[PDB]
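In: Based on what follows, work out the 3D shape:
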Amino acid sequence: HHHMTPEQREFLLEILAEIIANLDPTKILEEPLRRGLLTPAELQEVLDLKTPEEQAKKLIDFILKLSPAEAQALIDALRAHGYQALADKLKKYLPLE
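Out: Numbers count the residues shown, from 1 in each chain. Below you will find the coordinate block:
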């Protein structure tokens, strides 16, 4: 991934938490899940037993391993579920091409 500043990290974490507050991220992670980004059980562990902020801190590790097409799929999926602003914010702060 591209270098990230602390402000960028903070924003990316905030956006991931905001997505999680509104929408099960399983729904936007379709393509990366099909491509073995993490197992179903691993994603379940990330999402169970926590606030959206704590989930975001675990989820960011997988977000930063996305390929370019996987990152785009995630952004497209946010838009397809009705979240244009979050898709735009996520695309801005993702340190990926």
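In: make it CA atoms for all contacts and neighbour counts henceforth
Out: Will do.
In: First-to-last residue distance for stretch 60-75?
Out: By CA to CA, to the nearest Å, the extent of stretch 60-75 from end to end equals 15 Å.
In: now it, how far from the centre of its chain.
Out: Averaging C-alpha positions (CA atoms, centre = their mean, to the nearest Å) puts stretch 60-75 7 Å from its chain's average.
In: Show me what it is in contact with.
Out: Under the criterion CA atoms under 8 Å, 6 or more residues apart in numbering, residues 1, 13, 16, 28-32, 37-38, 87-88, 90-91, 94-97 lie in contact with stretch 60-75.
In: which parts of that stretch are buried?
Out: Buried residues in stretch 60-75, counting neighbours by 16 or more other CA atoms under 10 Å, are found at 63, 66, 70-75.
In: And those residues, which is closest to residue 50?
Out: Checking the buried residues of stretch 60-75 against residue 50 by CA to CA gives residue 63 as the nearest, at 18.1 Å.
In: mind checking how far residue 28 is from residue 48?
Out: To residue 48, residue 28 is 17 Å away according to CA to CA.
In: between these two, who's got more neighbours?
Out: When residue 28 and residue 48 are compared for neighbours, residue 28 comes out ahead with 20 against 10, by other CA atoms under 10 Å.
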